[PDB]
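Presented as structure tokens, the chain that follows is alone, the form deposited in one PDB entry.
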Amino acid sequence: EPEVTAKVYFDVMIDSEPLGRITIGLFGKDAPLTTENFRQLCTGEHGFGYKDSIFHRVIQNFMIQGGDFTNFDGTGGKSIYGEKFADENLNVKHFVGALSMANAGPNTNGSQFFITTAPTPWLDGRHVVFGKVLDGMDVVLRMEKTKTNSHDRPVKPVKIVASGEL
């Protein structure tokens, strides 16, 4: 496993229901630019970030997806470096509990990420794995079972009510 160089957290709610804290460890040595973008979006030092954003897509036995704090539908988001930044490390394999950057092709990393819940080998080599859930995996598995109506969107918002560095 890669080395954990930092710890960030999400506090999750689903409509008048605290789900608990998800603790995330970052692979700051294998993906320094990617972890710094994620870390500073967790704290919000640049005036924007993950606080009060939602997980807009939930696919059972696959992944949950969030990070679109501009359009809330999977089309938006932006990095702290600008619009998009380059793929760093592509040799890390996905695993249950991994943090991985969503993209629209090579070198299109913004702020959208997913947390894998099952083996997803068809993403390997094409998405930058930059962290893992250290604690609160049961919260992730609870979020994964939420009711999705259409387009794999949760019928009730799965909201990150708080985020930052631990």
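Counting begins at 1, following the sequence as shown.
Although it is not shown, the form solved in complex with a partner chain is what the next lines describe.
For the partner chain in the bound PDB entry, the listed stretch (31-39, 134-142, 45-53, 98-106) containing residues with heavy atoms inside 4.5 Å is 98-106. Judged against the partner chain in the bound PDB entry with a 4.5 angstroms heavy atom cut-off, the residues 10, 18 and 72 are out of contact without exception.
When contacts are judged by a 4.5 Å heavy atom cut-off, residue 117 does not count as touching the partner chain in the bound PDB entry. A residue is said to contact a partner when one of its heavy atoms sits within 4.5 Å of a partner heavy atom; residue 63 meets this definition for the partner chain in the bound PDB entry.
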